[PDB]
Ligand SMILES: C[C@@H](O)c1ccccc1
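Shown below, as structure tokens, is a lone chain in the form solved without ligand SS2; questions about how it binds or moves come after it.
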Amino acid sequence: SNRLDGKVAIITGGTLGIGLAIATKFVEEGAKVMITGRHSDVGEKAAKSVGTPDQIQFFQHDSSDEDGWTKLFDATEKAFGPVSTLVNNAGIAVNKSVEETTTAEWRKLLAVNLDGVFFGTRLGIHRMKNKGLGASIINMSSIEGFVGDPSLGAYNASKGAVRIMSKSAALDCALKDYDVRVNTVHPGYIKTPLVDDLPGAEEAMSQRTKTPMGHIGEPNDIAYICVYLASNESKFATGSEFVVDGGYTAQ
């Protein structure tokens, strides 16, 4: 329905799962997309699977890599013109309690999940402000940004940080009339090939004491809320949290 007419989007971690579904729906709604990922083998195949290079390209990048962020925005503008939309979706997890998190685990996870979002959000504001683009920064901030999980200590830290840092950025962009919105999306458990690779994971996640709907979601569940937030339909939404979680946080 051309809901993203003329938009130019960067999606980090766009080569798999949630990020790939966001990229797919963004292209279907008329956006030009640059997806990122660490593995050129995966990324080259992923871009080609979604569309032609006039619609979607791949840029190899680890979101923790500060200087690569500059190269990524330049490559996207060279391909598609000025960037309007950034989805900070790249993330990793550590399955440790706070008590059992090694400092190396802590720093590695924060480098991707927190520094990556900071670097992308900071650079995005510089590059997308004051251009009449209807710019939108969408930060993936998890149900683990609202509630704790005893075995996700560092992940919880990262997602709580993204949640409130995003409000700061939203406010500064609003008060300065930058034409940049910043919002967070908080997925509950989502079925991906990686969940499928973990025996018993989907069944545990689908128990009513975890997800009240009694099943987990699917990548397009997160793609559709991202289309809304990237579109001009959400021009009055900034500094807000959007939860799509099968009821996980309602109980």
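From 1 onward, residues are counted along the sequence shown.
Stretches compared: 140-148, 124-132. Higher mean C-alpha B-factor in the entry: 124-132. In this entry, 47-55 shows the higher mean Cα temperature factor of the pair 47-55 and 182-190. Within the selection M213, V195, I35, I222, the deposited Cα B-factor values reach their highest point at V195. Ranked against the other modelled residues of its chain, the C-alpha B-factor of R107 as given in the entry falls in the middle third. Among all modelled residues in this chain, the alpha-carbon of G239 has a temperature factor (C-alpha) in the lowest third. Among all modelled residues in this chain, the alpha-carbon of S168 has a temperature factor (C-alpha) in the lowest third. Annotation for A201: CA B-factor lies in the highest third of the chain's modelled residues.
The entry lists a Cα temperature factor for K78 that places it in the highest third of the chain's modelled residues.
Just so it is clear, the following notes concern the form deposited with ligand SS2 bound, a form of the same protein that is not shown.
Listed residues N95, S168, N130, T102 were compared with ligand SS2 in the deposited complex; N95 is the one with a heavy atom within 4.5 Å. Of the residues given (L152, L110, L123, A161), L152 alone sits with a heavy atom within 4.5 Å of ligand SS2 in the deposited complex. Along 157-192, a single residue, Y189, places a heavy atom within 4.5 Å of ligand SS2 in the deposited complex.
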